[PDB]
Ligand SMILES: OCc1ccccc1OC1CCOCC1
């Protein structure tokens, strides 16, 4: 059923809450035993948001290999994403260790450091060229190279140095700065513009490790980003672009991380983004 028609049918009936609860009821449940170990309590921002054991990212250390991060592997679309929480004061070194070990080219950030007057994640990147950061726990150095500030998002070029081997890599930081403190954007135009900028960079492409995506918990805005990308890629590949079922793609993704898409308004916004984005994918 063409999603644009399904959309008008749900909107006219006002059943967004009912569709959303059906997803929550059918969603996968797998164990998260490593996340709930007492040694990992300060590695988790939220008590109710944990990575499944089968899909969690492992840090390449013998001490403690745990980070709140999951590998979402979309087999038919041929795309991989790492979804993670906003780093905490005790996890910033771990974050950049993961970026290094997984060979990621891009980091996608969908929140501000402060929202609703509270801290949503640590200041984990340098703000001035001449004031670099060193993480002693993981032996990494991070330098700001350049910054391009636009109306809806900022792109930064960073240099990450493995202080152990003196290898360096360029990491692109894509920071969406205008998601509102409450609700979802009114139009998906600036979110879709942002997604096409990430794609253009090479960050989502198979010659790199998976892109790292985060918001505060790594399930809501982060969920919207990967669901929209995968749905538009599937519409490009399939003979019948009308066969793409966004509810079935979201349940497949929820086999790899719990809670992706946090509200009925985020589900509606995901439909709107895919519907509007397709009016490029189908040849405009
Ligand atoms: O590697 C630790 C570190 C080095 C340089 C600058 C800041 C910094 O850590 C701060 C506290 C913890 O949260 C992030 C900000």
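In case you wondered, yes, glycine gets a Cβ from its N, Cα and C as well.
Features reported for this protein in Swiss-Prot:
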MOD_RES   1  N-acetylmethionine
MOD_RES   20  phosphotyrosine
MOD_RES   50  phosphoserine
MOD_RES   66  phosphotyrosine
BINDING   181, 215, 216, 217, 218, 219, 220, 221, 262  substrate binding site
MOD_RES   215  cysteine sulfenic acid (-SOH)
ACT_SITE  215  active site, phosphocysteine intermediate
MOD_RES   215  S-nitrosocysteine
MOD_RES   215  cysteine persulfide
MOD_RES   242  phosphoserine
MOD_RES   243  phosphoserine
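Feature annotations (Swiss-Prot) mapped to structure.
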{"residue": "1", "record": "N-acetylmethionine", "Cβ contacts under 8 Å, 6 or more apart": "242"}
{"residue": "20", "record": "phosphotyrosine", "Cβ contacts under 8 Å, 6 or more apart": "261, 263, 264, 267"}
{"residue": "50", "record": "phosphoserine", "Cβ contacts under 8 Å, 6 or more apart": "32, 35, 36, 44, 68, 258"}
{"residue": "66", "record": "phosphotyrosine", "Cβ contacts under 8 Å, 6 or more apart": "34, 35, 37, 39, 40, 43, 56, 59"}
{"residue": "181", "record": "substrate binding site", "Cβ contacts under 8 Å, 6 or more apart": "115, 116"}
{"residue": "215", "record": "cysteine sulfenic acid (-SOH)", "Cβ contacts under 8 Å, 6 or more apart": "86, 109, 110, 111, 120, 221, 222"}
{"residue": "216", "record": "substrate binding site", "Cβ contacts under 8 Å, 6 or more apart": "45, 85, 86, 111, 115, 120, 121"}
{"residue": "218", "record": "substrate binding site", "Cβ contacts under 8 Å, 6 or more apart": "49, 68, 69, 70, 83, 84, 85, 86, 257"}
{"residue": "243", "record": "phosphoserine", "Cβ contacts under 8 Å, 6 or more apart": "none"}
### Task
Let me know how many other Cβ atoms fall within 10 Å of the Cβ of residue 242 (phosphoserine).
12
## Note on the structure
residue 66 (phosphotyrosine) falls, by DSSP collapsed to helix, strand or coil, into strand
### Message
Through the lens of DSSP with three states only, how would you label residue 243 (phosphoserine)?
### Response
helix
#### Entry: Nonlocal neighbours by CB distance (under 8 Å) for residue 262 (substrate binding site), same chain, sequence gap 6 or more
217, 219, 220, 223
